[PDB]
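Chemist: Following this message is one structure expressed as structure tokens.
2 protein chains.
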Amino acid sequence: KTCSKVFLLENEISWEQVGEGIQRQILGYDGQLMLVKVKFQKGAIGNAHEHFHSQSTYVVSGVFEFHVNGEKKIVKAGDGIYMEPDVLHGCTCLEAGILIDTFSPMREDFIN
Amino acid sequence: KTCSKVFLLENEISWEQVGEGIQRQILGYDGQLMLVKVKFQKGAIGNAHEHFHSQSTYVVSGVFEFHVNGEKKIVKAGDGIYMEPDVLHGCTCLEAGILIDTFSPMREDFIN
Ligand SMILES: [Ca+2]
Ligand SMILES: [Ca+2]
Ligand SMILES: [Ca+2]
């Protein structure tokens, strides 16, 4: 049965170390939709990558420089970013904060 | 061509009035994934509803009482909620704050 629990409580879920200055919690998901909370320290880099999944991100807090398909924009709390299937994208955290990354379908690699 | 722009800047997107004390911005989406930012005043109610879409929500801020399939839980900033296809769910805002609701596939009704 491939899905998260119903209530994903931050203080009950393990933070996974993703890289230097980057930690994440996988929150609500099934095979078609996955929501990930990613906490960045200043200076941390989301390495450029491509994947077939659709991705839609929300900036909860902090300030980030994002690039999507070669285009750069600084985004801040309240802003969103859409990454169509297979587009190159990544980010650098300018001030510590949280992103919510969402995916369709799920990122099987994030649980396996 | 069914999708949002790449960079969804809060100060460039219209807030839509959804109901009493509830406003939303549709952020990054395509036909398979849609991310919605929903700002609630204290007291506001997300009416109980059912839909075939998968939904995964993140509590950005505030405090909410959620019900999913008849089960109630208070959630707060950092917590998530997963709503499998067709489950009855809704919420009441106990302290003003923001939810990110994500859907697969998109909520066609939110743009049409
Ligand atoms: Ca799908
Ligand atoms: Ca990505
Ligand atoms: Ca719903």
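Those protein sequence lines, which keep their order, are chains A and B.
Quick note: the first sequence, position 55, residue 56 per UniProt numbering, numbers continuous.
Quick note: the second sequence, position 63, residue 64 per UniProt numbering, numbers continuous.
Quick reminder that beta carbons are idealized off the backbone N, C-alpha and C, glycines included.
1. In chain order, which continuous runs of the beta strand (DSSP E) of length 3 or greater are located wholly inside the stretch 20-105 of chain B?
2. Taking C-alpha atoms, which residue in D80(A), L9(A), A45(A) and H54(A) lies nearest to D110(A)?
3. Ligand 2 heavy atoms versus the CB of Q26(A): any closer than 7 Å?
4. With a threshold of 7 Å (Cβ to nearest heavy atom), would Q56(A) be considered close to ligand 2?
5. Would you list the one or two residues that DSSP bridges to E17(B)?
6. How about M84(A) and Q33(A): do their beta carbons lie closer than 8 Å?
7. Can you pull the chain A residues whose beta carbon is under 9 Å from the beta carbon of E72(B), in chain order?
8. Residues in the same chain with beta-carbon distance under 8 Å from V88(A), minus the five sequence neighbours each way, listed in chain order, please.
9. How would you call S57(A), buried or exposed, if buried means at least 16 neighbouring beta carbons within 10 angstroms?
10. Contact criterion: CB-CB distance below 8 Å. Does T103(A) meet it with respect to chain B?
11. Closer than 7 Å: is that where the CB of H68(A) sits relative to any heavy atom of ligand 2?
12. Are the beta-carbon atoms belonging to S62(B) and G29(B) less than 8 Å from one another?
13. Could you pull out every residue in the same chain whose Cβ sits closer than 6 Å to the Cβ of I23(A), ignoring the five residues on either side in sequence?
14. Ordered along the chain, which non-local residues of its own chain (more than five positions away) have a Cβ less than 6 Å from that of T103(B)?
15. Any heavy atom of ligand 3 closer than 7 Å to the Cβ of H52(B)?
16. Which value, in whole angstroms, describes the spacing of the CA atoms of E66(B) and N113(A)?
Modeler: Let me spell this out:
1. Within the stretch 20-105 of chain B, complete beta strand (DSSP E) segments of at least 3 residues are found at 23-31, 34-41, 46-50, 55-60, 64-69, 72-77, 81-84, 90-96 and 98-105, given in chain order.
2. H54(A)
3. No, the beta carbon of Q26(A) sits no closer than 7 Å to any heavy atom of ligand 2.
4. yes
5. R25(B)
6. no
7. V7 and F8
8. Answer for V88(A): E51, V69 and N70, listed in chain order.
9. Buried, since its Cβ has 16 or more Cβ neighbours within 10 Å.
10. Interface residue, yes.
11. no
12. no
13. Contacts found: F41 and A45.
14. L36 and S57
15. yes
16. 32 Å
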